[PDB]
Each structure stands twice: as structure tokens, then as C-alpha cells.
Amino acid sequence: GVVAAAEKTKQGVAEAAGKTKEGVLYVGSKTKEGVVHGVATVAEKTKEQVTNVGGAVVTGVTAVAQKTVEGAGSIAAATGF
Amino acid sequence: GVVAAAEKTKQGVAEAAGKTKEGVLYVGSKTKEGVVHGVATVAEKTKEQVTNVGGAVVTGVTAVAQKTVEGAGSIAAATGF
Amino acid sequence: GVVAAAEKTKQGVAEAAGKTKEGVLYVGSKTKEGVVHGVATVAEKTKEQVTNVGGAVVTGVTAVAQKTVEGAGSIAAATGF
Amino acid sequence: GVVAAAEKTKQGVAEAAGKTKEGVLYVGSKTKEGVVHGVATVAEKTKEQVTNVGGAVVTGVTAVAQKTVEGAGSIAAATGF
Amino acid sequence: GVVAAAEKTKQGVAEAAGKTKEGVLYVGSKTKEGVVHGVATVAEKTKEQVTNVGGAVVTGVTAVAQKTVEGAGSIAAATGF
Amino acid sequence: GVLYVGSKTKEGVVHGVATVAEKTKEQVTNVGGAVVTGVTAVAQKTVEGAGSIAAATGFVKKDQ
Amino acid sequence: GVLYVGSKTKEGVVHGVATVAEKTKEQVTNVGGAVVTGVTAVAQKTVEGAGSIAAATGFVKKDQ
Amino acid sequence: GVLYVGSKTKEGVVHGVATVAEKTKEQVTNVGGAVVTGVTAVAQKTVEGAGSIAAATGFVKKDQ
Amino acid sequence: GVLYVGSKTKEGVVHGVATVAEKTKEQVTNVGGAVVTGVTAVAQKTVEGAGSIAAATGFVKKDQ
Amino acid sequence: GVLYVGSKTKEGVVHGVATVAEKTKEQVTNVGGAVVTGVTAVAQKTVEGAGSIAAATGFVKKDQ
């Protein structure tokens, strides 16, 4: 039994709410998951060599956002039998 | 039994809500998952060599946003039998 | 039993809502999944060599947004028997 | 039993809603999945060599947005028997 | 039995709420999970060599945000039988 | 020898203005004045002139 | 020999203005004045002039 | 020989203004004055001039 | 020989202004004055001029 | 030979202003004065001029 009321006013507002469940607000928010940012470099001479044989190799600048549910999550997996 | 009321007003508003469940608001928000950003480089001489044999190789600038449900999630997978 | 009412007003509004479930609002929001951005480089001489034999090689600037449900998700997969 | 009412007004509005389920609003929102953006380069001399034999090679600037349901999703897959 | 009321006012507001459950607000907040940021370097001569055989190798600048539910989560996994 | 290769430039730009008004009541009673309550995006590059208003919103000018 | 390769530039830019008004009541009674209650994005590069208003919002000018 | 390679620049920029008003009541009664209660984003690069207002919000100018 | 490689620069920037007003009551009764109660983001680079207001908010100027 | 490689610079920047007003009552009765009660972010780089206000908020100027 909720009641509001205004009378003999020049500017009146009557708000009446019985039950309320507010919700989530993301205002101007930020989120970063698995991020690289601003990787500056100055190298007069650069050399990068990779010699992979039957394996997994992951080089360079990498960013990964990985959600696995029922499996083996990895970035570089190698397996033999 | 919710009730609002306004009377003898020059500007009146009567709002009456019985039950309310607010919802999610994303106002001006940002989200980054698996992102690279601003990778500057100055290299007078550069060399990149890769010699892969029966394997997985992942180089360079990479960004991955990977959602697996019922499998093995990876970036570089190698397998033998 | 929700009730609103306004009387003898010059500008009146009577809003009455019995039950309400608000919804999601994305106002001006952004989202990035698997993104690269602003990769500047200055290299007077550049060389890139790849010699793949029976394997998987993934180089250069790559962005991947990969959702797998019932399979092995990867960026570079190699398999033998 | 929801009721609204306005009387003896110069400008009146009577809104009455019994049940409401609001919906999703995307107003001015953005979304990026598997995107590259602004990849500037200055290289007085450039060379790119690839020598693939029975394998998978994926170079250069690539962007992939890949949704697989019941299969192995990849960017470069190699398989033998 | 909640009640509000205003009378004989020039500017009146009558708010009456029976029950309220406020919600989460993220206003201007930030979050970083698995992030690298500002990795500057000056190296007149650089060399990077990797010789992987049947194993997993993960080098360079990497950022990973990895949520696994029912699997072995890793960055570099190697297995044999 | 200038070179623009894929460059960008924004001079006097209004970009990406989003707005939502949901179930908002509103009652205005204006008498000889200005009442602004809506979206308004103005973008200019050059506005040159003495005694000149370059962008006005809800303005009331009564001089002598 | 200038070179712009993928460069960017923003001079006088209003970018990404988001706004939400949900279930807001509002009652204005203006008499000969200004009332601003809405979004307003102004972006200018050059505004040159003596005695000049470059951007006004809710302004009341009554001189003699 | 200047070189801009992927560079950025922001001169006079308003970026990312978020605002929410939820269930806010508000009652204004203005008489010959200014009342500002809304979002307002102004971005300028150059504003040159004697006796010039470069950005006004809720202004009341009554000179002689 | 200047070189900008991935550089950034912010001169006169307003970035990331968030605001929330939830269930706020408010009652203003202004008479010939200024009342500012909203968001206001101003960003300028150069504002040159004698006797010039570069950014005003809730201003009341009555000279002689 | 200057080199900027991934550098940053912020001159006159207002960044990340968050504000929340929850269930706040407020009642103003202004008569010929200034009342500021809202967010206000001002960012400038250069403001040069004799007798010049560079940023005013809730100002009342009555000279002779």
C-alpha cells in the first residue's frame, strides 16, 4: 500500500513505485582482457629465426582472449604418440 | 495498491508503477578482448626467417579472440601419431 | 491495483504501469574482440622468408575472432599419422 | 487493475500499461570482431618469399571472423596420412 | 504502508517507494586482465633464434586472458606417449 | 614533395553522438524566452566576424 | 619533403558523446530567459572576431 | 624531411562524454535568467578576438 | 629530420567524462541569475584576446 | 634528428572524471547570483590576454 500525493502546488510530481529492482549500468567504463599496448622499439639491425620441427612455436607480438569450456586451452600445444 | 495523485497544480505529473525490473545500460562503455594497439618500430635492417617442418608456427603481430565450447582451443597446435 | 491521477492542472500527465521489465541498452558503446590497431613501422630494408614443409605457418599482421562449438579451434594446426 | 486519469487540464496525457517487457536498443554502438586497422609502413626495400611444400601458409595482413559449429576451425591446417 | 505527501507548495515532489533493490553501477571504471603496456626498447643490434623440436615455444611480447572450465589451460603445453 | 598515404584529418568534426530518452515526461511553459531540450550537434571550421555568435543554443538577446 | 603515411589529426573535434535519460520527469516554466536541458555538441576550428561569442548555450544578453 | 608514420594528434578535442539521468525529477522556474541542466560538449582550436567569449554556458550579460 | 612513429599528442583535450544521476530530486527557482547543474565539457587549444572569457559556466556579468 | 617512437604527450588535458549523484535532494533559490552544482570539465592549452578570465564557474562580476 504505497501512496504519494501533491496538492495546491505550482509544479508537482507524484511518483509511486510498489517494488523495484534496479539493473546494471556501465557508464563510460572500460575493460581489457588479453591486450598489448604501445610496444615501441628502435633496433638498427634485427634478425628473427625460427626452425620448428614437429612442434609449436608462437613468437612476435600476440594478444589472446581465449575462453574454452570443455577442452584444453593453450597458446602452443605439441603432442605425439 | 500503489497510488499517485496531483491536484490544483499548474504543471503536474502523476507516475504510478506497480512493479519494475530495470535492465542493463552500456552508455559510452568500451571493451577489448585480445587486442594489440600501437606497435611502432624503427629498424634500419630487418630479417625474418621461418623454417617449419611438420609443426605449427605463428609469428608476426597477431590478435586472437577465441571462444571454444567442446574442443581444444589453441593458437599453434602440432600432433603426430 | 495501480492508479495514477491528475486534476485541475494546466499541464498534466498520468502514467500508470502495472508491471515492467526493462531491457538492455547499448548507447554509444564499443567492443573489440581480436583486433590489431595502429601498427606503424619504418624499416629501410626488410626481408621475410618462410620455408614450410608439411606444416602450418601463420605470419604477418593477423586478427582472428573465432568461435568454435564442437571442434578444435586453432590458428595453425599440423597433424600426421 | 491499472488505471490512469487526468481531469480539467489544458494539456493532459493518460497512459496506462498493464504489462511491459522492454527490448534491446543499440544506439550508436560499434562492434569489431577480427579486425586490423591502420597498419602503416615505410620500407625502402622489401622482399617476401614463401616456399610451401605440402603445407599451409598464411601471410600478409589478414583479418578473420570465423564461427564454426561442428568442425575444426583453423586459419592454416595441414594434414597427412 | 508507505506514504509521502506535500501540500501548499510552490514546487513539490512526492516520491513513495515500497521496496527497492539497487543495482551495480560501473561509472568511469577500468579493468585490465592479462595486459602488457608500454614496452619500449632501444637495441642497436638484435638477434632472436628458436629451434624447437617436438615441443612448445612461446616468445615475444604476449598477453593472454584465458578462462578454461573443464580442461587444462596453458600457454605452452608439450606431451608425449 | 609532400605525400599523404592513407592519412586522416578531422577539423571541426562532431562524430558519434548517441542519445536515448525513455519514458521521460516533460512539461514546458515558455513565455518570451528560449527553452532547448533536444539534441543539437554543430560542427564548424572557420567562423570569422566581429560581434558574431558562432553557435547559440537557448539564446535570448535583448540589447539597446 | 614531408610524408604522412597513415597519420591522423583532430583539430576541433567532438567525438563519441553518449547520453541516456530514463524515466526522467522535468517541468520548466521559463519567462523571458533561457533554459537548456538537452545534448549539445559544438566543434569549431577557427573563430576570429572582436566581441564575438564562439559558442553559447543558455545565454541571456541584455546590453545598453 | 619530416615523416609521420601512424602518428596521431588531438588539438581541441572532446572525446567520450557519457551521461545518464535515471528517474531524476527536476522543476525549473526561470525569470529572465539562464538555467543550464543538460550535456554540452564544446571543442575549439583557435578563438581569437578582443572581448570575445570563447564558450559560454548559463550566461547572463547585462552591460551598459 | 624529425620522425614521429606511432606517437601521440593531446593538447587541450577532455577525455572520458562519466556522470550518473539516479533518483535525484531537484527544484530550482532562478530570478535573473545563472543556475548550472548539468554536465559541461569544454576543451580549447588557443584562446587569445584582451578581456575575454575563455570558458564560463554559471556566469553573471553586470558591468558599468 | 628528433625521433618520437610510440611517445605520448598531454598538455592541458582533463581525463577520466567520474561522478554519481544517487537520491540527492536539492533546492536552489537564486536571485541575481550564480549557483553551480553540476559537473564541469575545462581543459585549455594557451589562454593569453590582459584582464581575461581563463575559466570561470559560479562567477558574479559587477564592476564600475
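Residues numbered from 1 in each chain as written, not as in the entry; some residues may be left out. Chains lettered and ligands numbered in written order. Heavy atoms only, no water.

As recorded in the PDB entry, chain F goes by the name Alpha-synuclein, listed as coming from Homo sapiens. Per the header of the deposited record, the title is "Multiple system atrophy Type II-2 alpha-synuclein filament".

Labelled according to the PDB entry, chain A appears under the name Alpha-synuclein, originating from Homo sapiens. Recorded in UniProt under Sequence similarities, the annotation for chain A is "Belongs to the synuclein family." (UniProt positions renumbered as here; feature names shortened; annotations may be inferred.)

**Student:** Outline a positive patch on the surface, listing residues and values.
**Tutor:** A grouping of A:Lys45, B:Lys45, C:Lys45, C:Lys47, D:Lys45, D:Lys47, E:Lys45 and E:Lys47 is seen on the molecular surface, where their side chains present a positively charged patch. The set of elements that each furnish at least two residues to the positive patch consists of β6 (45–50) of chain C, β6 (45–50) of chain D together with β6 (45–50) of chain E. (Patch = residues over 30% accessible without salt bridge, like charges linked within 9 Å, V, L, I, M, F, W, Y side chains within 5 Å. Areas by Shrake-Rupley, 256 points an atom, 1.4 Å probe, with all protein chains shown as cover. Salt bridge = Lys/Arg side-chain N within 4 Å of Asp/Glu carboxyl O. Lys, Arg positive; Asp, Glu negative; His and termini not counted. Charge placed at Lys NZ, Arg CZ, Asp CG, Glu CD. Helix = DSSP H or I, 4+ residues; strand = E, 2+ residues; numbered from the N terminus.)

**Student:** Hey, could you go over the arrangement of the chains for me, with residue numbers and the actual values?
**Tutor:** Between chain F and chain H there is no contact, and the shortest C-alpha to C-alpha distance separating them is 8 Å. Considering only C-alpha positions, the minimal separation of the non-contacting chain D and chain I is 9 Å. (Contact = heavy atoms within 4.5 Å.)

**Student:** Account for a nonpolar patch on the surface, with residues named and values stated.
**Tutor:** On the surface, a nonpolar cluster with roughly 380 Å² of combined accessible area is contributed by A:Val53, B:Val53, C:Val53, D:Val53 and E:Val53. Classification of E:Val53 by relative accessible area gives exposed; the value is 60%. (Buried < 20%, exposed > 50% of the residue type's maximum accessible area, 1.4 Å probe, protein only.)

**Student:** Lay out the packing of aromatic side chains with the relevant residues and their values.
**Tutor:** Considering all chains together, one arrives at 16 aromatic pairs over all chains under this definition. Both rings, one in B:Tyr26 and one in C:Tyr26, keep their centres 4.7 Å apart while their planes meet at 0°; by these two values the pair is stacked. A residue pair is termed interchain when its members come from two chains, as with B:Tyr26 in strand β4 (residues 25–27) and C:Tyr26 in strand β4 (residues 25–27). Accessibility expressed as a relative area gives 22% for C:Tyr26, which makes it partly exposed. With a centroid separation of 4.7 Å and an interplanar angle of 0°, the aromatic rings of G:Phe59 and H:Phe59 are classed as stacked. Within this pair, whereas G:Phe59 is found in strand β7 (residues 56–61), its partner H:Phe59 is found in strand β8 (residues 56–61), the two belonging to separate chains. A relative accessible area of 0% means that H:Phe59 is categorised as buried. (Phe/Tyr/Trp six-rings, centres within 6.5 Å; stacked < 30°, edge-to-face > 60°.)

**Student:** Outline the nonpolar core, listing residues and values.
**Tutor:** In this structure, A:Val58, B:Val58, B:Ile75, C:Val58, C:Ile75 and D:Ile75 are the most contacted members of the largest nonpolar core, which totals 20 residues. Sorting the residues of this core by element identifies β7 (56–58) of chain A, β7 (56–58) of chain B, β7 (56–58) of chain C together with β7 (56–58) of chain D as the ones contributing at least two each. Contacts of D:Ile75, omitting those with residues within four sequence positions, involve C:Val58, C:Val64, C:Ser74, C:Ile75, D:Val58, D:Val64 and D:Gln66. Of all hydrophobic cores here, the second largest spans 19 residues; its members include G:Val17, G:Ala43, I:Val14 and I:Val39. (Core = buried A, V, L, I, M, F, W, Y, C linked by side-chain atoms within 4.5 Å.)

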